[PDB]
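One structure below.
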Amino acid sequence: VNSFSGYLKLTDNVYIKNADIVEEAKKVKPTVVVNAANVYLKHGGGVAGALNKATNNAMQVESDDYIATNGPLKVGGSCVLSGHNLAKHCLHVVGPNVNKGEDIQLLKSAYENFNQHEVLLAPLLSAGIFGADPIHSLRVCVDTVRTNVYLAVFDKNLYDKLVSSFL
Ligand SMILES: C[C@@H]1[C@@H](C(=O)O)CCCN1S(=O)(=O)c1c[nH]c2ncc(Cl)cc12
């Protein structure tokens, strides 16, 4: 038993809710919240900009030190940093950005990072401003992640379309 509430169960291990991931993180304080990161950990907009804003820019300060030490992430890669006031940890995961021409096949590699964590609160990778089809992202999620994932979808219209078209 965990504290996630109001989710629709899609599979044995994947759950979905129309929710603002920032507000959901603030309420649940999950062990892991996933950020929709880029390789530079520049949290300017989308999910990343919202999570960072909610940390009063502490996520960005920590991220800048991480990059100065380690260099950029790989597309499809991840790093674990603090969850600040939102979660114990933040798993920064880089899905491919279609608006940069990145290979969509890397979306599966991106989701594989979730398997290193027993339970996660997450957005749909490569959705939103990353330009991928969210229905496809959900399919890759279900077919790749084996750990327990609670997906927060900000847009109610998109949430209803994801549920209604889910196979
Ligand atoms: C897939 C989501 C989708 C959702 O999950 O409802 C709705 C719009 C597109 N994006 S987005 O790229 O991540 C995004 C852009 N700005 C944002 N600000 C805050 C938050 Cl929480 C998410 C975003």
Side-chain angles (χ1 to χ4, degrees), residues 1-38 41-60 62-63 66 73 76-97 107-130 132 134-163 166:
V1 181
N2 67 51
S3 159
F4 287 106
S5 173
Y7 285 75
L8 177 67
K9 182 170 178 61
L10 293 177
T11 67
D12 179 66
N13 65 299
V14 179
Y15 295 80
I16 195 166
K17 184 187 184 175
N18 174 215
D20 182 347
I21 192 172
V22 170
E23 278 320 300
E24 185 79 0
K26 280 199 287 192
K27 146 181 135 43
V28 174
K29 290 291 237 87
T31 306
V32 180
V33 66
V34 173
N35 181 33
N38 59 53
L41 303 178
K42 288 174 60 107
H43 309 302
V47 169
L51 290 165
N52 175 57
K53 181 177 173 182
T55 75
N56 181 45
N57 211 50
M59 178 180 284
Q60 190 65 67
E62 179 194 30
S63 292
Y66 174 91
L73 296 182
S78 71
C79 67
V80 180
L81 291 172
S82 180
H84 300 278
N85 53 316
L86 302 179
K88 186 175 197 296
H89 301 108
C90 179
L91 182 69
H92 294 273
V93 180
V94 184
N97 190 324
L107 186 54
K108 187 171 185 76
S109 301
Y111 272 116
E112 288 171 341
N113 295 286
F114 289 25
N115 289 321
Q116 300 294 317
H117 303 278
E118 287 189 1
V119 183
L120 315 87
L121 172 61
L124 285 170
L125 298 180
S126 296
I129 68 174
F130 280 63
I135 296 180
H136 174 64
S137 183
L138 178 56
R139 187 77 254 167
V140 178
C141 181
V142 159
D143 293 341
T144 305
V145 182
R146 297 177 302 283
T147 55
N148 291 145
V149 57
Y150 290 84
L151 295 168
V153 177
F154 180 57
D155 189 67
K156 173 57 161 156
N157 189 294
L158 174 59
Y159 169 85
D160 289 344
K161 183 198 191 113
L162 287 164
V163 168
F166 184 69

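Computed over heavy atoms, backbone and side chain alike; hydrogens, waters and symmetry mates excluded. Quick note: residue numbers are just sequence positions, from 1.
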When the side chains of residues 42-53 are checked against the rest of the protein, which donor-acceptor pairs come out under 3.5 Å, sequence neighbours left out?
residue, atom, partner, partner atom, Å
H43, ND1, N35, ND2, 3.2
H43, NE2, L41, O, 3.3
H43, NE2, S63, OG, 2.9
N52, OD1, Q60, N, 2.9
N52, ND2, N57, OD1, 2.9

Heavy-atom closest pair, residues [X] and [Y]:
X: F130; Y: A37; result: CZ-O, 3.3 Å
X: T11; Y: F166; result: CG2-CZ, 4.0 Å
X: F4; Y: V28; result: CE2-CG1, 3.8 Å
X: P134; Y: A127; result: CB-CB, 4.2 Å
X: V80; Y: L91; result: CG2-CD1, 3.7 Å
X: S3; Y: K27; result: O-NZ, 4.2 Å

With side chains defined as the heavy atoms from C-beta onward, is the minimum distance between [X] and [Y] less than 4.5 Å?
X: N97; Y: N38; value: no
X: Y159; Y: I16; value: yes
X: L8; Y: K17; value: no

Pair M59, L81 - check side chain to side chain contact (heavy atoms under 4.5 Å, CB included), show working. CA-CA 8 Å; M59 178 180 284; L81 291 172; over 6 Å; no
Rounded to the nearest 0.5 Å, how far does [atom2] of [Y] lie from [atom1] of [X]?
X: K26; Y: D20; atom1: NZ; atom2: CG; answer: 8.0 Å
X: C141; Y: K108; atom1: SG; atom2: NZ; answer: 10.0 Å
X: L138; Y: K161; atom1: CG; atom2: NZ; answer: 12.5 Å
X: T55; Y: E62; atom1: OG1; atom2: CD; answer: 8.5 Å
X: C79; Y: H89; atom1: SG; atom2: NE2; answer: 12.0 Å

Should we say atom NZ of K88 is surrounded by more than 12 heavy atoms from elsewhere, each under 6.0 Å from it? no
Test your reading of the model: is there a side-chain donor-acceptor pair from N13 to the backbone of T147, 3.5 Å cut-off? yes
Identify every side-chain donor-acceptor pair in residues 114-124 under 3.5 Å, counting partners at least two apart or on other chains, and give the distances.
residue, atom, partner, partner atom, Å
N115, OD1, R146, N, 2.7
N115, ND2, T144, O, 3.1

Please verify the inter-ring angle class for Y15 with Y150; under 30° counts as parallel, over 60° as perpendicular, anything in between as tilted. parallel
By side-chain contact (heavy atoms from CB on, under 4.5 Å) - contacts of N56 (at least two apart): none
